[PDB]
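*Asks:* Here it is, the structure in full.
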Amino acid sequence: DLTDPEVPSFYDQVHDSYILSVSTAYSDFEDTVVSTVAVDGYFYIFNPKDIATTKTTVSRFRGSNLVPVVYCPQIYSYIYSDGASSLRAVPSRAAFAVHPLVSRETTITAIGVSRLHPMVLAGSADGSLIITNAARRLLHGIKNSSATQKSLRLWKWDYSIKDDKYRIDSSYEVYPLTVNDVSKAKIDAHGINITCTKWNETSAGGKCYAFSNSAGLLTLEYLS
DNA sequence: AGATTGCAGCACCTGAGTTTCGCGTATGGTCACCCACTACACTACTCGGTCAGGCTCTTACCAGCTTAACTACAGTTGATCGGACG
């Protein structure tokens with residue numbers, strides 16, 4: 001309680017080890033459920049009214065030391081990296097309904113989403129930044145999912161061990177949804193991994209986004 | 001409002017990511033056999049000293065003599081010896 005910070009309202013065990021990310025799935029029609037992932041790999045959704053009577057599991061991942069999880073409030077779905085190399089959506093009231101959104105050759109390290117639109121931004125540690133419409137997956141039929149949903153690479157960082165440049169590539173690439181795909185882990189230059197990515201969420205700024213690599217090359221674009 | 005057509009819902013054959021598995025190939029581990037080296041106590045044949053046997057050589061003769069030297073009697077002079085000195 002930010003007004004009474006001396007003692008917590010509750011202190012209950014929910015994971016075996018380090019809890020990496022916690023996220024709130026707010027709604028005008030359902031309880032404020034909370035999701036959590038940890039180095040033990042479990043993804044749990046629960047209601048803070050009573051954890052013990054409500055705790056539910058979405059998945060167990062391989063133990064991974066950075067797992068981005070965010071809430072897409074336009075479609076009431078959590079958006080998460082599987083700790084390896086796929087982006088997936090899970091509705092807060094149907095945990096079994098896991099839909100994979102995109103596959104990448106290197107781990108998804110940062111994810112961003114906004115309160116005004118369903119556009120999800122995901123950055124992989126290969127320096128690739130991808131955009132995809134999560135609502136097109138969530139609000140439509142299962143049958144033609146392998147062809148009706150696609151993604152676009154907005155930018156790619158690259159680096160040369162001998163030339164020492166950072167080499168931002170503006171060229172757009174379309175990646176279709178490989179549903180049955182393998183997890184992958186291609187190692188890449190230390191500075192070119194994407195450390196954060198977020199859209200501005202005001203109406204005036206709503207087409208603007210910001211992203212960063214780990215060397216320091218913060219980058220912003222207005223999508224017009 | 002019918003002839004032309006799409007959506008998409010049903011069912012069944014199928015495909016890969018993922019898993020469990022069998023074997024190769026090769027490696028450390030069990031343990032059984034029989035070998036090498038060592039050694040305390042022993043086996044046994046020969047060599048060696050001692051003794052007898054008995055065959056063997058070589059001596060030197062009896063008294064006398066007659067060829068050969070000693071072996072006692074015998075006289076002035078040494079120089080250790082006692083026993084006392086320095």
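Here's how to read the names in the structure tokens: chain A, B, ... by the order shown, residue numbers from 1 in each chain, ligand numbers from 1 in the order shown.
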Mind dumping a table of every chain B residue within 10 Å of chain A, with the nearest atom pair and its distance in Å to one decimal, using only C-alpha atoms (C1' of nucleotides), sorted by chain and rising number, as a Markdown table?
*Replies:*
```
| residue | atom | partner | partner_atom | distance |
| --- | --- | --- | --- | --- |
| B:8 | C1' | A:143 | CA | 9.4 |
| B:16 | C1' | A:180 | CA | 7.4 |
| B:17 | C1' | A:182 | CA | 6.9 |
```
*Asks:* Write a file of the just-selected residues containing N, CA and C atoms (P, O5', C5', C4', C3', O3' and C1' of nucleotides), as a short mmCIF file (atom, residue, chain, number, x, y, z; two decimals), in the first residue's frame.
*Replies:*
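Listed below is the output, result_11.cif:
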```cif
data_model
loop_
_atom_site.label_atom_id
_atom_site.label_comp_id
_atom_site.auth_asym_id
_atom_site.auth_seq_id
_atom_site.Cartn_x
_atom_site.Cartn_y
_atom_site.Cartn_z
P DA B 8 -15.95 -17.53 -43.00
"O5'" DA B 8 -16.25 -19.05 -42.60
"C5'" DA B 8 -17.55 -19.48 -42.19
"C4'" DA B 8 -17.64 -21.01 -42.08
"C3'" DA B 8 -16.42 -21.59 -41.34
"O3'" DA B 8 -16.76 -22.48 -40.29
"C1'" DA B 8 -16.88 -22.77 -43.34
P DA B 16 7.50 -34.31 -42.54
"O5'" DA B 16 7.74 -33.56 -41.14
"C5'" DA B 16 7.58 -32.16 -41.07
"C4'" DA B 16 7.52 -31.62 -39.64
"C3'" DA B 16 8.84 -31.76 -38.87
"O3'" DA B 16 9.12 -30.50 -38.26
"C1'" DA B 16 7.03 -32.85 -37.72
P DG B 17 10.49 -30.16 -37.48
"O5'" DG B 17 10.11 -30.25 -35.92
"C5'" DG B 17 9.16 -29.35 -35.36
"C4'" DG B 17 8.79 -29.60 -33.88
"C3'" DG B 17 9.93 -29.46 -32.87
"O3'" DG B 17 9.37 -28.98 -31.66
"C1'" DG B 17 9.18 -31.69 -32.95
#
```
*Asks:* Run DSSP on the backbone of this structure and report the residues of range 142-200 of chain A it assigns to strand (DSSP E), as a ChimeraX atom specification.
*Replies:* /A:150-156,173-176,194-199
*Asks:* Extract the full set of alpha helix (DSSP H) residues from range 10-167 of chain A according to DSSP on the backbone, and format it as an NGL selection string.
*Replies:* :A and (51-54 or 135-138 or 145-148)
*Asks:* As an exercise, work out the distance from CA of residue 184 in chain A to CA of residue 85 in chain A in Å and give it to one decimal place.
*Replies:* 6.1 Å
